[PDB]
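Chemist: let me see the structure of the following:
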Amino acid sequence: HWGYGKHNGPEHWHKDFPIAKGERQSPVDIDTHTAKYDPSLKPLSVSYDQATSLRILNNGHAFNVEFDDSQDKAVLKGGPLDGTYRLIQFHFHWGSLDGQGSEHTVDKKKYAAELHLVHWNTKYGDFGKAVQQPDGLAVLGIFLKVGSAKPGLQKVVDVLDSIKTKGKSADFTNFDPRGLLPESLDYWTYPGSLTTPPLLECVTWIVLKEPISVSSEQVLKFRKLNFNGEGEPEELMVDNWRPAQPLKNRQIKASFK
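Modeler: Numbers count the residues shown, from 1 in each chain. I have put the structure below:
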């Protein structure tokens, strides 16, 4: 099955998921000089004060923090979006080295990691229905650079030794995702896809201009996770990023000049 190895990595995914070669695949390179400032774009509205985190899971590809999305508790609105999008999970993609790990790039620059806050359009009723719609998902992407610690990340880093291997989960209540947001909500936006199989073309991407900083120790802890299940041979969970895909017939819009 699919992964990030030599024999099952992103260059192979098209064999099982032909939409891999589609017209609106993600991630992409964000060419900052050719992105179009769009003064009709609204400021994002991030309403995470009533978020209810449930659990953290190692799914064999990344780790995911899951939220109660059965009510409008943590929602994204505004920006390029019509309607209300509910937070269902977040997860990260990261590298083996600080010079790689992000999925999106900015003028070809890679960051050490990238956070995806995944939201679905409430008009579709559930996440499974939403991923089948061209406007089903809104993913807020946030770059991570290595520098000072991010204190709001530390609770995540703490619990990782409880989910070292594929299939392990742990209770993860009362986590506040506001602690993972940079100061500015200036963003780029474009229509794209999930960055993992099934690679569905259902995502309005909103990629924040400003990275967050995390410490070397924090990213190092991501790198001690395992792709494998307990009792299988150990393979470190690193470099779980898809590279940039062709922009094709798309224009990236910017909320800022």
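Chemist: which residues touch the residue nearest to residue 31 when sequence neighbours are not counted?
Modeler: Sequence neighbours aside, residue 107 is the residue nearest to residue 31 in space, at 6.4 Å (criterion: C-beta to C-beta, 6 or more residues apart in numbering). (Each C-beta comes from the backbone N, C-alpha and C, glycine too.) By C-beta atoms under 8 Å, 6 or more residues apart in numbering, residue 107 lies in contact with 29-33.
Chemist: residue 95: which of these is nearest?
Modeler: residue 29 (16.5 Å; C-beta to C-beta).
Chemist: contacts only, for that closest one.
Modeler: Per C-beta under 8 Å, 6+ apart, neighbours of residue 29: 104-108, 244, 247.
Chemist: equivalent analysis for residue 71, please.
Modeler: No contacts exist for residue 71 under C-beta under 8 Å, 6+ apart.
Chemist: so it, which of the three states?
Modeler: Local secondary structure at residue 71 is given as coil here, using DSSP: H, G, I helix; E, B strand; the rest coil.
Chemist: same check, this time on residue 45
Modeler: Going by three-state DSSP: residue 45 is strand.
Chemist: same check on residue 154?
Modeler: helix.
Chemist: against residue 124, how distant is the closest residue to it other than its chain neighbours?
Modeler: Leaving aside its sequence neighbours, residue 154 sits nearest to residue 218 (C-beta to C-beta, 6+ apart; 7.2 Å). From residue 218 across to residue 124, the span is 35 Å (C-beta to C-beta, to the nearest Å).
Chemist: these two - which one has more neighbours?
Modeler: Using other C-beta atoms under 10 Å, the more surrounded residue of residue 218 and residue 124 is residue 218, with 21 against 18.
Chemist: surely residue 53 meets residue 171?
Modeler: No. With contact defined as C-beta atoms under 8 Å, residue 53 does not count as touching residue 171 (9.4 Å).
Chemist: who has more neighbours out of the two?
Modeler: Neighbours of residue 53 and residue 171, each counted by other C-beta under 10 Å, are more numerous for residue 53; the result is 22 against 11.
Chemist: who's in contact with residue 246?
Modeler: 25, 28.
Chemist: which residues in the stretch 101-250 of the chain form helices?
Modeler: 127-130, 154-159, 216-222 (DSSP state H, counting those that start in this stretch).
Chemist: same list, these, but as TSV with distance to residue 90 please.
Modeler: Below are those laid out as TSV (distance: least, C-beta to C-beta, whole Å):
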stretch	distance to residue 90
helix 127-130	14
helix 154-159	9
helix 216-222	13
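Chemist: nearest to residue 85 among those would be which one?
Modeler: Checked against C-beta to C-beta, the stretch from the helices of the stretch 101-250 of the chain lying closest is helix 127-130, at 8.7 Å.
Chemist: next one: the residue nearest to residue 154 from residue 151, what distance?
Modeler: Applying C-beta to C-beta to residue 218 and residue 151 gives a distance of 10 Å.
Chemist: same check, this time on residue 245
Modeler: 34 Å.
Chemist: what's the answer for residue 133, then?
Modeler: For residue 133, the distance to residue 151 - C-beta to C-beta - is 37 Å.
Chemist: strands of the stretch 151-257 of the chain, residue ranges please.
Modeler: 169-171, 187-192, 203-208, 212-214, 253-254 (DSSP state E, counting those that start in this stretch).
Chemist: show me the contacts for residue 197.
Modeler: So residue 197 contacts 2, 13, 16-17 (C-beta under 8 Å, 6+ apart).
Chemist: check residue 90 too.
Modeler: Counting by C-beta under 8 Å, 6+ apart, residue 90 has contacts 64-65, 115-118, 177, 180.
Chemist: export those to TSV and tack on neighbour count?
Modeler: Converted to TSV, the contacts of residue 90 look like this (neighbours: other C-beta atoms under 10 Å):
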residue	neighbour count
64	21
65	22
115	24
116	25
117	26
118	25
177	19
180	22
